[PDB]
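A.B. asks: Partial complex here, more coming in a sec:
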Amino acid sequence: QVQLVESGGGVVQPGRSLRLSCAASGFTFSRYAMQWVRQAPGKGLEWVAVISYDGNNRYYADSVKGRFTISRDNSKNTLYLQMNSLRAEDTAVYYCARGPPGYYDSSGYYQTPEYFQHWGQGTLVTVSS
Amino acid sequence: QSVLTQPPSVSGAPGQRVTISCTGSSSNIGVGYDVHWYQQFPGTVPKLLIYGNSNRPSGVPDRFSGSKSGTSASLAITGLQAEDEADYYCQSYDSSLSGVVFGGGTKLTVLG
C-alpha cells in the first residue's frame, strides 16, 4: 500500500526561502505525476502545483506563478518544494498527493492528472513574522 | 473559468437520499472536462470519494453516486449517516489558463 509523508514545515517569516518535501512509498513513484495542494484553515483547499512523471513538465497556479519552485528526484523517490517571496496569506497546510499518472494525450500534448488518489500526511507552513 | 460554485452546507435525515450540486462555466465543466468529488473530515487528511463522475473507488461502499449534465454535476448521498459528516469538494479541470479547480467547500449536516 502507498504511503506519502511530508516534511520540512514550520513557522517562517514572510519574504525568505524555504524547502518542503514529501517522501513516497508503496508504488512505482518514478513514473507518476505528483501534485502539491494548499489548504488555508477554514478556507477551501486549492491546487498549488503539479509535476510531470519525469519532472519535465511543470505547472503552477497563477497566484503562485514564478515565486515557487517544484522539483523531484526519481532516484531519491521523493518530491520537493522551494519557496521564494513568501506571503502571510500562504500560511496553510500543504499536501503532497498522487493521482492517476498524467496521460499523454492524442496529438502528443501532455495532460496533467485530473484528480488525486492518495495524499501525504501534510505539513504546516506559518508565514508569520 | 470561475470557482466551481457550491452550496455552503446541506442537511438530511440519517439514511435518506440527499444531494449536492456543483455548477461550472463553459470553460469549466461543460467543455467536456469531468468532475470528481473529495471528502475530508475537519482537521484530517482529504480522501477521494468519487473520481469518475459516477464511479466508486474501494472503501467507498455505496450511497455515493455522482452524475453529469451539460454544465452541472451532482452527487447523491443515497442514505447519509454521521460517518459522512465532513466537507466535500467538487474538483474539475479548467481550460481557462488554469489547471484543476477546487469547490468552495460544502458541509453535510445530520439532524441533531
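C.D. replies: On my side now, so go ahead. Numbering: from 1, shown residues only, chains lettered A, B, ... in the order given.
A.B. asks: any residue of stretch A:118-129 up close to chain B?
C.D. replies: Yes: contact of stretch A:118-129 with chain B (C-beta under 8 Å from any C-beta of the partner chain) involves A:118-119, A:121-122. All C-beta atoms are positioned from the backbone trio N, CA, C, and that covers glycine.
A.B. asks: how about the residues of chain A that lie near chain B?
C.D. replies: A:37, A:39, A:43-47, A:50, A:59, A:61-62, A:95, A:112, A:114-119, A:121-122.
A.B. asks: now the residues of stretch A:118-129 next to chain B in JSON lines, with neighbour count and secondary structure?
C.D. replies: Shown next, in JSON lines, are the residues of stretch A:118-129 next to chain B (neighbours: other C-beta atoms under 10 Å in any protein chain shown; DSSP: H, G, I helix; E, B strand; the rest coil):
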{"residue": "A:118", "neighbour count": "20", "secondary structure": "strand"}
{"residue": "A:119", "neighbour count": "22", "secondary structure": "strand"}
{"residue": "A:121", "neighbour count": "13", "secondary structure": "coil"}
{"residue": "A:122", "neighbour count": "20", "secondary structure": "coil"}
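A.B. asks: tell me the residue furthest from the middle of chain A?
C.D. replies: residue A:107 (27.5 Å; C-alpha atoms, centre = their mean).
A.B. asks: Assumed it was part of a helix.
C.D. replies: Yes: note on residue A:107: a helix contains this position according to DSSP: H, G, I helix; E, B strand; the rest coil.
A.B. asks: what are the ranges of the helices in chain B?
C.D. replies: Taking DSSP state H, chain B contains no helices at all.
A.B. asks: For the closest residue to chain A within it, grab the count of nearby residues.
C.D. replies: Closest contact between chain B and chain A, by C-beta to the nearest C-beta, is at residue B:36 (4.1 Å). Residues lying near residue B:36 (other C-beta atoms under 10 Å in any protein chain shown) number 23.
A.B. asks: Equivalent analysis for residue B:68, please.
C.D. replies: 13.
A.B. asks: cool, residue B:15 as well?
C.D. replies: Residue B:15 has 12 nearby residues by other C-beta under 10 Å.
A.B. asks: Would you quantify the distance from it to residue B:83?
C.D. replies: 11 Å (C-beta to C-beta, to the nearest Å).
A.B. asks: same thing with residue A:79?
C.D. replies: Counting by C-beta to C-beta - residue A:79 and residue B:83 are separated by 31 Å.
A.B. asks: so what's the residue sitting nearest the centre point of chain A bridging to?
C.D. replies: When C-alpha atoms, centre = their mean is applied to chain A, the residue found nearest the centroid is residue A:36 (2.2 Å). Taking DSSP bridges as the rule, residue A:36 bridges to residue A:49, residue A:96.
A.B. asks: include chain C as well:
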Amino acid sequence: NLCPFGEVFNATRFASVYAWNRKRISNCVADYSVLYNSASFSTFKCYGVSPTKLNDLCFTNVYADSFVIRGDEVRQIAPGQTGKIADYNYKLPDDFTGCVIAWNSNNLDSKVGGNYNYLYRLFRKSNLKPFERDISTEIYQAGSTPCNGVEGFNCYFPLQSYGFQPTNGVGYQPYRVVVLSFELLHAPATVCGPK
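C.D. replies: To build on what is shown above, here is chain C added in:
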C-alpha cells in the same frame, strides 16, 4: 504485414469485461497513426509514452485486450486505481505502460426496450492482480456459511449485467474499450515502424 488492430476495433463482436478478450498480436507493422487520427475516439489515454512516439519507437511485444463497459468509468481503466472494475474485473499494473482507447457505440449495442448482454464481476474474494482473465462463475460468499451453491443469505452470483438502452444518458452508454498493454523482454522484438 499490417497489424490487425483495426480488426479488433472494428470487430463485430466484443466481450464482457469479466471475460475481457486478449490478443497476442505480433510480427506485424503497427499504424498507430491510424489510431490517434481517429475522429471516433472520444477518449484516448496513453501512459508511459506519447502516442506520437509509438509510431517510431517500437516494442518487443504487445497485447491488445478488449471489452465493453458503460462510458463514464472509461478512465477507471487506468494505471493504478481502485474501484469496481479495477478491483474485480480488470486492473492495470501500477507500473503499466500502454494506452486506453474507447468510444460510444449506442448505434451498435443499445437496443430499444431492453438489453442485458454484457457482464461485470460484482464482487470477488480478493483483489485482482494485473492481467488475469478470471472466468470464475461459482457463487461468491462473504462469511462463515456453507454456500451450498444456492443463492440466499450471503452467497451471491458474482456477475452483473448492464442496462444499455438508447434512452439512457452518455455516462451510462456502452463504450467499447480497447487496452493496449506493452511489454519488453530480454528477447527480440515483434512490432516496429514505417518509412
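A.B. asks: Once more for the neighbour count of residue B:36, now including chain C?
C.D. replies: The number of residues near residue B:36, taken as other C-beta under 10 Å, comes to 24.
A.B. asks: quick one: contacts for it?
C.D. replies: Neighbouring residues of residue B:36 by C-beta atoms under 8 Å, 6 or more residues apart in numbering or on different chains: A:114-115, B:48, B:50-53, B:90-92.
A.B. asks: Over to residue A:45?
C.D. replies: Residue A:45 touches A:37-39, A:95, B:40, B:46, B:89, B:102, B:105, counting by C-beta under 8 Å, 6+ apart.
A.B. asks: now the helices for chain C?
C.D. replies: C:5-9, C:32-36, C:51-54, C:84-88, C:106-109.
A.B. asks: So which elements touch the first one?
C.D. replies: Taking 3 or more C-beta pairs under 8 Å, 6 or more residues apart in numbering or on different chains; DSSP states H and E as contact, the helices and strands that helix C:5-9 lies on are helix C:32-36, strand C:61-70, strand C:174-183.
A.B. asks: any idea how far residue C:153 is from residue B:40?
C.D. replies: 36 Å.
A.B. asks: Who has more neighbours out of these two?
C.D. replies: A direct count of neighbours by other C-beta under 10 Å for residue B:40 and residue C:153 places residue B:40 higher, at 20 against 10.
A.B. asks: Touching, that one and residue B:87? I think so.
C.D. replies: Yes: between residue B:40 and residue B:87 a contact is recorded at 6.2 Å, counting by C-beta atoms under 8 Å.
A.B. asks: Between the contacts of residue A:45, which sits nearest residue C:25?
C.D. replies: residue A:37 (41.0 Å; C-beta to C-beta).
A.B. asks: Out of the helices and strands packed on helix C:5-9, which gets nearest to chain B?
C.D. replies: strand C:61-70 (8.8 Å).
A.B. asks: quick one, what contacts the residue of chain A found nearest chain B?
C.D. replies: The minimum distance from chain A to chain B, using C-beta to the nearest C-beta, falls at residue A:115 (4.1 Å). Contact analysis of residue A:115 by C-beta under 8 Å, 6+ apart lists A:99-100, B:36, B:48, B:51, B:91, B:100.
A.B. asks: swap the cut-off to 6 Å and go again
C.D. replies: A:99, B:36, B:51 (C-beta atoms under 6 Å, 6 or more residues apart in numbering or on different chains).
A.B. asks: Can you give me the neighbour number for residue A:91?
C.D. replies: 17.
A.B. asks: I should have written residue B:2 there, sorry.
C.D. replies: With other C-beta under 10 Å as criterion, residue B:2 counts 12.
A.B. asks: How about the one 5 residues further on?
C.D. replies: By the measure other C-beta under 10 Å, the count of residues near residue B:7 is 15.
A.B. asks: is the closest residue to it other than its chain neighbours in a bridge, and if so with what?
C.D. replies: Leaving out its chain neighbours, the residue that sits closest to residue B:7 by C-beta to C-beta, 6 or more residues apart in numbering or on different chains is residue B:106, at 5.2 Å. Bridge pairing for residue B:106 (DSSP bridges) gives the partners residue B:88.
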